[PDB]
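Okay, so here's the structure we're looking at.
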Amino acid sequence: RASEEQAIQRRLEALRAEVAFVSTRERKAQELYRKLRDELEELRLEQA
Amino acid sequence: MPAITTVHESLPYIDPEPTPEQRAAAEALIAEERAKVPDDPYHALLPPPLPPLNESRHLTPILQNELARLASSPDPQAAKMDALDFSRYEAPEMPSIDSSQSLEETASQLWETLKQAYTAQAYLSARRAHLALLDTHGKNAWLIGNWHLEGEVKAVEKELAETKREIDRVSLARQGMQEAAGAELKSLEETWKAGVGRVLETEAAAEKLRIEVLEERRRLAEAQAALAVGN
Amino acid sequence: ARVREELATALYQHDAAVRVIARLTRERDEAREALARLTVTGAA
Amino acid sequence: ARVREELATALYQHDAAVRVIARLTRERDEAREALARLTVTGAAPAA
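If you read the protein sequences in the order shown, they are chains H, G, E and V. Counting from 1 along the first sequence, just add 6 to a position and that's the residue number in this note's numbering. Counting from 1 along the second sequence, just add 5 to a position and that's the residue number in this note's numbering. Counting from 1 along the third sequence, just add 845 to a position and that's the residue number in this note's numbering. Counting from 1 along the fourth sequence, just add 823 to a position and that's the residue number in this note's numbering.
Structure below.
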């Protein structure tokens with residue numbers, strides 16, 4: 007039971023770090039989407 | 006008390022039940038890396054070995070002799086003790102006095118028969134005295150002995166019941182705590198899988214939009230090249 | 846008594862190790878199968 | 824003596840098991856971190 011207590015704890019930090027990194031990379035994906043969307047709108051402005 | 010501090014990530018009340026086929030695969034694999042990993046006979050986690058009989062301060066040389074006898078006996082369960090002379094304890098018969106037997110020898114073997122008869126007489130008198138004592142005062146002693154024995158039974162029973170209550174308490178409390186943790190990990194795992202799928206779809210769509218923005222960059226480059234050629 | 850309690854601890858921790866083996870095997874199978882499927886497909 | 828021998832057998836099995844657990848722990852970390860950083864390359868059609 008003591009071993010499982012420590013196992014549960016370390017599994018919380020491991021999974022929390024993993025999901026936080028995935029969500030941060032998702033935020034970077036939306037930042038890249040915004041940058042490419044701004045570039046596309048700028049090329050629309052330059053063509054029009 | 007146990008002395009192993011190895012920690013596995015096994016949470017049985019919330020992890021799914023392992024199916025027997027990949028279970029048997031798990032013991033098969035654990036067996037094959039046990040085969041390739043050498044075994045350590047002097048591991049510190051192993052308790053010290055059982056000392057042999059001879060150097061032990063407990064067993065007397067008579068006890069090693071009896072242990073060797075009962076071990077050399079091929080059936081230890083049927084090994085028995087060298088019995089006393091119950092044939093001599095049995096009631097004596099009238100000895101056959103021979104006419105050719107000498108008077109001194111006849112008197113000596115009559116003396117031996119008298120010794121055995123008197124010993125049996127005293128033994129049987131003591132047995133009858135103890136039987137009368139058990140007749141007059143044995144039932145209350147039997148009652149008080151059975152009462153004490155069932156009292157010890159009750160003591161062992163309450164000890165085992167207390168230990169079982171401890172097990173029940175631990176199991177229920179950790180069922181609750183494990184279930185709370187398992188809900189947390191299930192939420193995080195599903196969120197992680199959904200985030201992986203979402204970021205893959207997101208970067209696929211972003212790569213497609215990168216293809217069109219590169220197409221428009223090439224369009225502007227071609228327009229600039231055409232204007233520079235025409236001017 | 847000491848050898849019996851240590852044996853019970855070893856048996857329970859061995860079953861725990863088997864359960865972790867099973868869970869990690871499922872994790873590896875899912876991750877490798879997903880990676881193989883995605884590398885085969887490409888256009889999700 | 825027999826239960827002591829079984830204890831030694833279980834000790835060897837548990838040591839082998841925890842070594843396999845460690846190896847598979849690095850294996851899961853490698854596979855999961857690799858799939859977590861799996862970017863999307865330009866899906867260029869076969870011209």
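By construction, the Cβ of each residue, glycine as well, lies at the ideal position given by its N, Cα and C atoms.
- Judged by DSSP secondary structure, G/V42 falls outside any alpha helix (DSSP H); it is assigned neither H nor E.
- Each residue's CA atom was taken as its position, placing V/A845 and E/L852 some 23 angstroms apart.
- V/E856 sits in a helix when the DSSP states are folded into three classes.
- In this structure G/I9 touches G/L50 by the C-beta definition: roughly 6 angstroms separates them, less than 8 angstroms.
- When Cβ-Cβ separations below 9 angstroms define contact, G/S15 makes contact with chain E.
- Contact of V/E850 with chain E by beta-carbon distance below 8 angstroms involves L869 and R873.
- Distance from the CA of G/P17 to the CA of G/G156, rounded to the nearest whole angstrom, comes to 39 angstroms.
- Taking a cut-off of 8 angstroms for Cβ pairs, the segment 11 to 31 of chain G and the segment 169 to 185 of chain G touch, as three or more such pairs fall below it.
- When C-alpha distances from G/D87 are compared across G/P79, G/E95, G/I102 and G/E71, the shortest belongs to G/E71.
- Under the three-state reduction of DSSP, G/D140 is assigned to helix.
- When C-alpha distances from G/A96 are compared across G/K120, G/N151 and G/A160, the shortest belongs to G/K120.
- Flagged as an interface residue toward chain E: G/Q27, by a C-beta distance shorter than 9 angstroms.
- Under the three-state reduction of DSSP, G/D103 is assigned to coil, being neither helix nor strand.
- G/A112 is the residue among G/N151, G/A112 and G/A146 whose C-alpha sits nearest the C-alpha of G/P100.
- Put simply, the backbone Cα of V/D838 is about 41 angstroms away from that of G/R203.
- Around the CB of G/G200, 16 or more other CB atoms lie within 10 Å, so the residue is classed as buried.
- Interface annotation, V/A854: in contact with chain E, CB-CB separation under 9 angstroms.
- With contacts defined by Cβ atoms closer than 9 angstroms, E/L869 and V/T848 form a contacting pair.
- Apart from sequence neighbours up to five positions away, the residues of its chain that approach E/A889 with a beta-carbon distance below 8 angstroms are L883, ordered along the chain.
- In this structure, H/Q36 lies near G/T207, with their beta-carbon atoms less than 9 angstroms apart.
- Identification of chain H residues near V/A857 by a Cβ-Cβ cut-off of 8 angstroms yields none; the smallest Cβ-Cβ distance measures about 13 angstroms.
- Taking all protein chains in view, the Cβ of G/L225 is surrounded by fewer than 16 other Cβ atoms within 10 Å, so the residue is classified as exposed.
- Bounds of the alpha helix (DSSP H) holding H/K34 are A8 to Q53.
- Using beta-carbon distances, G/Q180 does not count as an interface residue toward chain H, since no partner is under 9 angstroms.
- A residue is called buried when at least 16 other Cβ atoms come within 10 angstroms of its Cβ; G/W147 does not meet this threshold and is exposed.
- Proximity of G/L50 to chain H, defined by a Cβ-Cβ separation below 9 angstroms, is not satisfied.
- At a beta-carbon threshold of 9 angstroms, the residues of chain V lying near H/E24 are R855, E856 and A859, ordered along the chain.
- Taking CB atoms only, E/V885 has no neighbour in chain V less than 9 angstroms away.
- Closest in alpha carbon position to G/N59, among G/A29, G/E98, G/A73 and G/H48, is G/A73.
- Using beta-carbon distances, H/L51 does not count as an interface residue toward chain G, since no partner is under 9 angstroms.
- Annotation: Cβ neighbours of G/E206 in chain E (cutoff 9 angstroms, chain order): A889.
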